[PDB]
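S.K.: from the sequence below, what's the structure:
(2 chains)
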Amino acid sequence: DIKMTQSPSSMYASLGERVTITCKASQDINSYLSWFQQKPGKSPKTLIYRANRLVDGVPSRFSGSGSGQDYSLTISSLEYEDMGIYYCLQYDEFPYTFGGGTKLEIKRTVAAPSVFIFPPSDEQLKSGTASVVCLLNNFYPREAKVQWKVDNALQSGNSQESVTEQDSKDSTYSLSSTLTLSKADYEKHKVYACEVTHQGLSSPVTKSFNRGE
Amino acid sequence: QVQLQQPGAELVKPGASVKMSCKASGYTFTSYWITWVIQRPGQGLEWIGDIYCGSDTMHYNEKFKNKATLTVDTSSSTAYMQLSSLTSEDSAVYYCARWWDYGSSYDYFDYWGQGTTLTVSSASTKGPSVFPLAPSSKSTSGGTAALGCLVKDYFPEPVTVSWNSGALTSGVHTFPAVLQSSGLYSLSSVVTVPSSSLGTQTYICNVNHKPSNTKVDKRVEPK
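M.R.: Numbering: from 1, shown residues only, chains lettered A, B, ... in the order given. What follows is the structure:
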């Protein structure tokens, strides 16, 4: 019944910056608010209960404040381990209601992608398909354009991309592009490349390979 | 040593029922509360209901009434949440968490479970095929070499891909699986390793797909 609205929903930040997020309640919950923080795909962790008290193991930089309808969660010096999505939960009235979430993404210096490319495995060719993987490791920001080229001819219609969450140690994104062809069509061309065009590179980086090798 | 164990994933045919287990271990079971939370991926969180393991005194969510039925087994020290009339909407992640001093003014969630990735679909499960992403001349960058394993043509998610049975962790990259046009999933798990140690070290990826009950351990080598 009680609606909790957070702001901002998404936000960037640097290292060591003092960042505060807000969790406003539709009613007066009388300081009965807890702060949760979750990393992508993992279990949530309890940070603060009753909006101002630390859980054992919570770093000293996490602070809580607020009363009545408005509450805040502050980080003293933002570090590369505090990323993820932050949720606030009021437990004063039934039923309990969470917020929309607050995604904290770390801003760092521009990083160039480590471009790799793998030929299709020999076991896969015995099945009838061929999967060529172009790899982009340890780059930032996330926005990167990858283009597949076979025999210098641009291909579009059979590629699938995937970029992981922001790294917990280096604050970087990593992308993986998968090009799947039939066994006959893969053995029809010679040079297979993937053009990686990114902000951290003044010129497109190309990694190619031939079939025979 | 407090520990709460939830299954990795549960495949459910639509319309049928299922049970999610939350096995508590290492502490006094009948002296605490347990709360279930559902998380549909990418969205927020939602409270299902508070349950006391030892008086069966519950606190249900109004919208989750007539849908969820919570249970506790004091023998196995395990909590249970059963879902009925399962549709394509209920496919989400379900957590279980423990309360400390529930009811008092100093109550909060002190321990969390891993979470059950529940996917409701009528399609049959298919095991994955694991192909090695071998290191090559085009797979190195300044004394570092990248190798991996391609987990392809499986359903449904999630699949867990570990390296050397967990012996190697630094520099692993398990990418989110993409949905094929055929209706299957596929991902790759890559690791950046030193190049000089490629002749002496062994890199075996341990792919485990419990929904299909098939576990593939494929060794990947150069050339």
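S.K.: and the residue most central in space within chain A, helix, strand or coil?
M.R.: Taking CA atoms, centre = their mean, the centroid of chain A lies closest to residue A:165, which sits 2.7 Å from it. Under the three-state scheme (DSSP: H, G, I helix; E, B strand; the rest coil), residue A:165 adopts coil.
S.K.: got a list of what it touches?
M.R.: A:39, A:40, A:41, A:173 (CB atoms under 8 Å, 6 or more residues apart in numbering or on different chains). Using the backbone N, CA and C atoms, a C-beta is placed for each residue, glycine as well.
S.K.: go again with 7 Å.
M.R.: Going by CB atoms under 7 Å, 6 or more residues apart in numbering or on different chains, residue A:165 touches residue A:40.
S.K.: quick check: closest non-adjacent residue to the closest residue to chain B within chain A.
M.R.: The nearest approach of chain A to chain B comes at residue A:49, 3.4 Å away (CB to the nearest CB). Nearest residue to residue A:49 in three dimensions, chain neighbours excluded: residue B:108, at 3.4 Å (CB to CB, 6 or more residues apart in numbering or on different chains).
S.K.: pretty sure that neighbour is touching residue B:102, no?
M.R.: No. Contact criterion CB atoms under 7 Å: residue B:108 and residue B:102 do not qualify, at 9.0 Å.
S.K.: in stretch A:181-201, what counts as buried?
M.R.: A:181, A:186, A:192, A:193, A:194, A:195, A:196, A:198 (16 or more other CB atoms under 10 Å in any protein chain shown).
S.K.: what are the bridge partners for the residue nearest to residue A:49, then?
M.R.: When bridges are called by DSSP bridges, residue B:108 pairs up with residue B:100.
S.K.: who's in contact with the residue in chain B that chain A sits nearest to?
M.R.: Nearest residue of chain B to chain A, counting by CB to the nearest CB: residue B:108, 3.4 Å away. The contact partners of residue B:108, taken as CB under 7 Å, 6+ apart, are A:34, A:46, A:49, A:55, B:100.
S.K.: same question for residue B:1.
M.R.: Counting by CB under 7 Å, 6+ apart, residue B:1 makes contact with residue B:26.
S.K.: distance of it relative to residue B:24?
M.R.: 11 Å (CB to CB, to the nearest Å).
S.K.: same thing with residue A:23?
M.R.: 30 Å.
S.K.: which of the two has more residues huddled nearby?
M.R.: Taking other CB atoms under 10 Å in any protein chain shown, residue A:23 and residue B:24 do not tie; residue A:23 has more neighbours (28 against 24).
S.K.: hmm, back to that, reformat the contacts of residue B:108 as CSV; add distance to residue B:159 and secondary structure.
M.R.: Below are the contacts of residue B:108 laid out as CSV (distance: CB to CB, whole Å; DSSP: H, G, I helix; E, B strand; the rest coil):
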residue, distance to residue B:159, secondary structure
A:34, 33, strand
A:46, 29, strand
A:49, 36, strand
A:55, 33, coil
B:100, 35, strand
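S.K.: if we can go back for a sec, ok, how many other residues are close to the residue of chain A closest to chain B?
M.R.: Count around residue A:49 with other CB under 10 Å applied: 23.
S.K.: wait, isn't it in contact with residue A:34?
M.R.: Yes. When contacts are counted by CB under 7 Å, residue A:49 is listed as touching residue A:34 (4.7 Å).
S.K.: enumerate every residue touching residue B:160.
M.R.: Residue B:160 neighbours (CB under 7 Å, 6+ apart): B:8, B:208.
S.K.: what is it paired to in the beta sheet?
M.R.: According to DSSP bridges, the partner residues bridging residue B:160 are residue B:208.
S.K.: so what's residue B:73 bridging to?
M.R.: Under DSSP bridges, the beta-bridge partners of residue B:73 are residue B:78.
S.K.: residue A:175 now?
M.R.: residue A:136, residue A:163.
S.K.: grab the nearest non-local neighbour of residue B:219.
M.R.: residue B:204 is the one closest to residue B:219 (CB to CB, 6+ apart), at 4.7 Å.
S.K.: tell me how many other residues surround that neighbour.
M.R.: By the other CB under 10 Å criterion, the neighbourhood of residue B:204 contains 17 residues.
S.K.: so it touches residue B:217, yeah?
M.R.: Yes. Contact criterion CB under 7 Å: residue B:204 and residue B:217 qualify, at 5.7 Å.
S.K.: quick one: which two of the buried residues of stretch A:181-201 are the most distant?
M.R.: Largest separation among the buried residues of stretch A:181-201 by CB to CB: A:186 and A:198, giving 26.6 Å.
S.K.: okay, now residue 96: neighbour count?
M.R.: Went with chain A since none was named. That count, for residue A:96 with other CB under 10 Å as the rule, works out to 23.
S.K.: I was thinking of chain B, sorry if that wasn't clear
M.R.: 28.
S.K.: next: residue A:84.
M.R.: Residue A:84 has 22 neighbours, counted by other CB under 10 Å.
S.K.: same check, this time on residue B:112
M.R.: 21.
S.K.: just checking, it touches residue A:43?
M.R.: Yes. With contact defined as CB under 7 Å, residue B:112 counts as touching residue A:43 (4.4 Å).
S.K.: quick check: neighbours shared by these two?
M.R.: Taking CB under 7 Å, 6+ apart as the criterion, residue B:112 and residue A:43 both touch residue B:95.
S.K.: near chain A, which residues of chain B are found?
M.R.: Contact residues (CB under 7 Å from any CB of the partner chain) of chain B with chain A: B:44-47, B:59, B:61-62, B:95, B:108-110, B:112-115, B:131-134, B:136, B:138-139, B:141, B:146, B:150, B:152, B:173, B:175-176, B:178, B:186, B:188, B:190, B:192.
S.K.: of these, which belong to strands?
M.R.: B:46-47, B:59, B:95, B:108-110, B:112, B:131-133, B:141, B:146, B:150, B:152, B:173, B:178, B:186, B:188, B:190, B:192 (DSSP state E).
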